[PDB]
Structure formats: structure tokens, C-alpha cells
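This document opens with one chain alone, in C-alpha cells, the form deposited in one PDB entry.
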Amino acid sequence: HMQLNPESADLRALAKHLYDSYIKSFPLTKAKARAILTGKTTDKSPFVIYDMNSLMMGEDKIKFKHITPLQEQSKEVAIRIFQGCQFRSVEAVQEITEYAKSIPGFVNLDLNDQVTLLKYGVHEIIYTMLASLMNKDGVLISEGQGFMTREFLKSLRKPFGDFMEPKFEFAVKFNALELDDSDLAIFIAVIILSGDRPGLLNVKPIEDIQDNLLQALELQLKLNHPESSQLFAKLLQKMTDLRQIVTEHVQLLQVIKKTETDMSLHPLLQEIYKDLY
């Protein structure tokens, strides 16, 4: 049976440190995102993009961070969307990298191993956190100023219409677990510290930290989800689904490569995907 001893009090201190570091690393938390998704907010109320006419008008009324008046934009809706998403991804790599450095012990890992953990973990974190911004109708965009429907994304010409749908599929199942930010902060730390990433050199200290994180997560979930006996194992299984999501997303990307020319990933994304798997 569970008890309140110096070990558990260390696990909780660890969980709170991750949470605090997570709130200041990631702008739109799932708390704020779900308020928006229910109107339970003041703030703004996002502009809904649900068809081509609302898209055109949304680009005008939403202040997209990456857009300037004006660089050269694709003129084709699907590609302009790809470009915004690629920009958000690059941003997210930096958010996640910063968060990684806040994970006790991470910075003192082999610098080359730090690189490898981020290379493999970043897109699994991206899709993990993207679910915070999704419901079954669509996904929050642009820091929550816009909302793009699932069916609009699905209606983009092939193969762009196939990019987001596997993420929605994942998000429906994953959000039915009802994690909050406090859960998520530990779960993404666990993902970053996967001691089975290809090419790791000094695996021992990585498993040590991941061990300490897996304990802090199990305690976290027992305390925070009284009505969910099998939550810890269900969550670990979701790391399996995320690797599959990343695999599938890679296969669509190479469709883009030998098909859409002019398109090219931001070099940060190119280093990540290069020799991924």
C-alpha cells in the first residue's frame, strides 16, 4: 500500500518542479486551451475557419505570428497551411528544448545524448500537446485566436488533407484519459528520457532519470485520478501510438518531397527527420 514518506515527498517536489517549468516553457497550456474550447473564457473567442471563405477571411483577421505584409506566400491554401504548421513546429522544438533543460539531471547528460533524446522526442511531444488544443470538431490555432475544423483540414487536396487526421484520431482517444497539465508535464519528461532511442551512447544515467520520472508519474496519476485504476499503463501504451504517428507522418512528408517542389522543411526540421527512421 501507498505511504507518505521522504521518497514520496521527493516525487511530489519533482512533479511540482516539472509543472512549474512546463507552465513557463509552453504558452498555451491545456487548462487555458480547454477553457477556450468551451467559451469558459473571456480573452477572445477564436475565429472559426470552417470553409475556404472563412479561411480567406481568417487570414485577414487573425494576426498570425509567422506572416508578414509581406513575404512571398504560396497562393495555394494547402501550402500556406503547411507553412504555418512548419513554423509552429520549429517554435515547439525550442519550447521543448528549453523544457528539457529544466528536467533534473538532463543538462549533465552527455551533450550528444541530449541531442539524440530531443531529436526523437520532440515530435512525440508535439502531438501529445497538440491534443490539448483539439476537440472532435477542430484544433485551436495561432495561440488560440483561431480554430480550424477537422473537416476543413480533411478537405485539403491530397496529400495535405491527410496530415492532421491521424492526429485527431489520436487526440480523441488520448483526451478521453482526461489528463491535466500536472499529469502532462511529467508524461512529456518521461518521453524525452526514453533510454531506447537509437544511437544513445551513455544509456545508464538516462534510464536512471526516466526511472525517477516514471515513479513521479505513477504517484501523480494515483493521487490525481482516483476513478482510474489502469491509467499509468494506458498512458505508457500511448507512447507506442505516438511512435506510430511519427512514422506515419514521416511517410506523408516524403510524399511532399517527391511531388511538391518549392516546398522544403525548415533546416531544424531537416536535421530532426534526417536519419530518423
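One rule holds for the numbers: they count along the sequence shown, beginning at 1. The term rigid core refers to the maximal set of C-alpha atoms that superpose within 1.5 Å between the two forms.
The same protein also exists as the form deposited in another entry; that form is not shown, yet it is the one meant from here on.
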| query | finding |
| --- | --- |
| C-alpha displacement of 2 Å or more between the shown form and the other one on the rigid core, among 246, 235, 55, 219 | 55 |
| Large Cα move at residue 167 between the shown form and the other one, threshold 2 Å, rigid core | no |
| Large Cα move at residue 158 between the shown form and the other one, threshold 2 Å, rigid core | yes |
| Per-residue C-alpha change between the shown form and the other one, residue 206, threshold 2 Å, rigid core fit | no |
| CA-CA separation of residue 272 and residue 167, closer or farther in the other entry than in the form shown [shift of 3 angstroms or more] | closer |
| Direction of the Cα shift between residue 267 and residue 106 in the other entry, where the change is 3 Å or more | farther |
